[PDB]
């Protein structure tokens, strides 16, 4: 038996509840993990919110990111003592995740760590992984430094911040767009050449093709922002669409695509194929490592997690929270 921090719904509200629990509580899987570290994401905070729309059904241990050490394995790909990261698929949303001393997952959902420490794996986590996919996607369509600035929208969120870091470190001129002026310095510290406010700017008349400004973009916002970005991408550029704030509707035109050769590349880390996921983590370990992430990382003891979750939900938390569970 071990300690798990279980989310439970009673009379409409949702509460994180520290409880001792046995083996039979864990979901089904070939690989059991002593969870060293986890993270706090907006998605983890939504799992502890009434109408959050993230959890299929309670009760559930939240924590979409799981990083730690294999204690038991019924799979020949993983040995005891291997360090691993597991994220995406059902983890922390439809089955028990990282906010517990132990977790169990299929081997088909597990990534083996090499150089990278478990703490770093968790610090990067789903958010940084998604940023890395966005960078690969853009590069997969010919985007290279020195044909203009790369825009990152919703830049202060978890994906945006790592994107700025990765793109700047790969030699792109990054312009970060954020609706939170208090975050401009942090974004600059992460490599933004400039920081601007929300898009479109209030005065702007929307056109099918507006003034070409951006060589590429990483979009974390969707809606009218994305529609505006598409109208202002340069000939042959691309946009990696990673996120949604507001409704899902997108009202655009086909003109940037057919007249400007623009590409819109949808980024999904949840169901990304495991072979590719493992490959990408290797990059995260090496050439795609976020160099300046540590400088905004803060260690949060699992016991103090509700405090951070609340600030993340309120949108007032600064930096990246890596949750110390069992280290």
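Numbering follows the first chain given and starts at 1.
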Between 227-235 and 88-96 (mean CA B-factor, as deposited), the higher: 88-96
Mean temperature factor over C-alpha atoms, higher-scoring stretch between 141-149 and 71-79: 71-79
Candidate set 259, 26, 288, 274 [ranked by C-alpha B-factor, highest]: 26
Given 280, 264, 47, 64, the residue at which the Cα B factor reaches its maximum: 47
Where the record places residue 43 (Cα B-factor, split into thirds across the chain): middle
Cα B factor band for residue 103 (lowest, middle or highest third within the chain): middle
Record-listed C-alpha B factor of residue 34: chain third: highest
Record-listed C-alpha B factor of residue 205: chain third: highest
Chain third (lowest, middle, highest) by recorded CA B-factor, residue given as residue 170: middle
